[PDB]
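Student: Compute the structure for the input listed below.
(one chain, ligands or ions: 4)
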Amino acid sequence: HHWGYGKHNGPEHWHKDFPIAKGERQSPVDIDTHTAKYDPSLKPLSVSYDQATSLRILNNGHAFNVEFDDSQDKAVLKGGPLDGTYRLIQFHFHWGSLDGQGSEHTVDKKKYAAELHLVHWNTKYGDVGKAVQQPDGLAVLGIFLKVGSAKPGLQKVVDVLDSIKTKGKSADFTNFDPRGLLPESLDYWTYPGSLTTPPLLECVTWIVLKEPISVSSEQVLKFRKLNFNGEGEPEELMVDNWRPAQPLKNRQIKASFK
Ligand SMILES: NS(=O)(=O)c1ccc(C(=O)NCc2ccc(F)c(F)c2F)cc1
Ligand SMILES: NS(=O)(=O)c1ccc(C(=O)NCc2ccc(F)c(F)c2F)cc1
Ligand SMILES: [Hg+2]
Ligand SMILES: [Zn+2]
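Tutor: Residues are numbered from 1 along each chain as shown. Ligands and ions are numbered 1, 2, ... in the order given. What follows is the structure:
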């Protein structure tokens, strides 16, 4: 009775209620490193997350989101392929049932254990709702997660998951600094795309970082214990909440490095 990632309502069925699923600028895509164009005019990214205000964490079925106060320019993204200022509103992850899968975007067909999406909207449009009606309304910063050593800054997240085990649950999540989730380098690939979950609006500028961050098997293991289901319904573990790569079509993937 609604979309999901299961056999009967997963990615292959989405086109029936969301026609745009077969559009020209659908995400995610596979990043072929030998075909991306090095664009020396691309500006360096400017991540200003020093006044970031996290407020809440919630399991909305699909995944879990950490929400941010976006009433003012407190956490912004600018630079890169962007024009104007973009406010951070929320972040979430996509992960798999095994370490060899989980990411949405792939690099040379290589899948990672998980992928972080830091969602921003264009301030020019006044509100999030208006921004999703424009070709350049959103900007999502994608980061790959590979299994290795633990990431200190991710632990705060891992510890609270127990309280939002089922759909609809939320918990206060203040004073979280998102700068703990960035890799050392800000080198990236960029391309025009869409949201990777319904309604699949083609209103996003994707910025995927080259350097993945590493997380322990223990940290990823805790992601896998969440539930798609709400309290009292049959248990359905939250894993493989990822959409398979889509055809690139009339698009060019640019690289900010050589
Ligand atoms: N100012 S606040 O902290 O209370 C706030 C935080 C999150 C959201 C939210 O996630 N709504 C969905 C939503 C709708 C459209 C978009 F483009 C989004 F990025 C998005 F998160 C809305 C308000
Ligand atoms: N995986 S991803 O980064 O692409 C992604 C990011 C944000 C959202 C979201 O905020 N959903 C709510 C939502 C609800 C109705 C709309 F019209 C929206 F545009 C909208 F984003 C969905 C997918
Ligand atoms: Hg749009
Ligand atoms: Zn996402």
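Student: In the stretch 101-250 of the chain, mark out all the strands, start to finish.
Tutor: 106-107, 114-122, 138-147, 170-172, 188-193, 204-209, 213-215 (DSSP state E, counting those that start in this stretch).
Student: Show me which positions of the fourth one end up buried.
Tutor: If I follow you right, that is strand 170-172. residue 170 (16 or more other CB atoms under 10 Å). From N, CA and C alone the C-beta is placed, and that goes for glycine too.
Student: Please identify the pairing partners of that strand and their relative orientation?
Tutor: strand 54-59 (antiparallel) (DSSP bridges).
Student: List the buried residues in the partner strand.
Tutor: So for strand 54-59, counting by 16+ other CB under 10 Å, buried means 54-59.
Student: from those residues, which are also near ligand 2?
Tutor: Among those, none lies close to ligand 2 by the criterion of CB under 6 Å from any ligand atom.
Student: Which one of those residues is nearest to ligand 2?
Tutor: residue 58 (11.8 Å; CB to the nearest ligand atom).
Student: what sits against the closest one?
Tutor: 64-65, 67, 164, 168-171 (CB atoms under 8 Å, 6 or more residues apart in numbering).
Student: Out of those, flag the one nearest to residue 96.
Tutor: residue 64 (15.3 Å; CB to CB).
Student: Counting neighbours, what do you get for that closest one?
Tutor: 23 (other CB atoms under 10 Å).
Student: how close does the residue of the stretch 1-150 of the chain found nearest ligand 1 sit to ligand 3?
Tutor: Per CB to the nearest ligand atom, residue 67 is where the stretch 1-150 of the chain lies closest to ligand 1, at 3.6 Å. Residue 67 is 22 Å from ligand 3, where distance means CB to the ion, to the nearest Å.
Student: Could you grab the helix/strand/coil label for that residue?
Tutor: strand (DSSP: H, G, I helix; E, B strand; the rest coil).
Student: So in terms of bridging, what pairs with it?
Tutor: In beta-bridge terms (that is, DSSP bridges), residue 67 pairs with residue 56, residue 90.
Student: Next up, the contacts around it.
Tutor: Counted by CB under 8 Å, 6+ apart, residue 67 has contacts 54-58, 89-90, 173.
Student: could you dump the buried residues of strand 54-59 to CSV with distance to residue 226?
Tutor: Output for the buried residues of strand 54-59, formatted as CSV (distance: CB to CB, whole Å):
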residue, distance to residue 226
54, 19
55, 20
56, 16
57, 11
58, 11
59, 6
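Student: List just the nearest of those residues to ligand 3.
Tutor: residue 58 (24.8 Å; CB to the ion).
Student: So for stretch 18-29, what gets flagged as buried?
Tutor: In stretch 18-29, counting by 16+ other CB under 10 Å, buried: 18, 20-21, 23, 25-29.
Student: how long is stretch 247-258 from one end to the other?
Tutor: Stretch 247-258 has its terminal residues 24 Å apart, counting by CA to CA, to the nearest Å.
Student: Go ahead and name everything in contact with that stretch.
Tutor: 24-26, 29-32, 35-39, 42, 44-45, 80-81, 187-193, 210.
Student: Only the buried members of those residues: can you turn that into a ChimeraX selection?
Tutor: In ChimeraX syntax, the buried subset of these is picked out as below (16+ other CB under 10 Å):
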select :25,26,29,30,31,36,42,45,80,81,188,189,190,191,192,193,210
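Student: and residue 69, how many neighbours?
Tutor: For residue 69, using other CB under 10 Å, the count is 17.
Student: Could you list which residues are in contact with the closest residue to it other than its chain neighbours?
Tutor: Of all residues beyond its chain neighbours, the one nearest residue 69 is residue 53 (4.1 Å), with distances taken as CB to CB, 6 or more residues apart in numbering. Counting by CB under 8 Å, 6+ apart, residue 53 touches 68-69, 74-75, 174.
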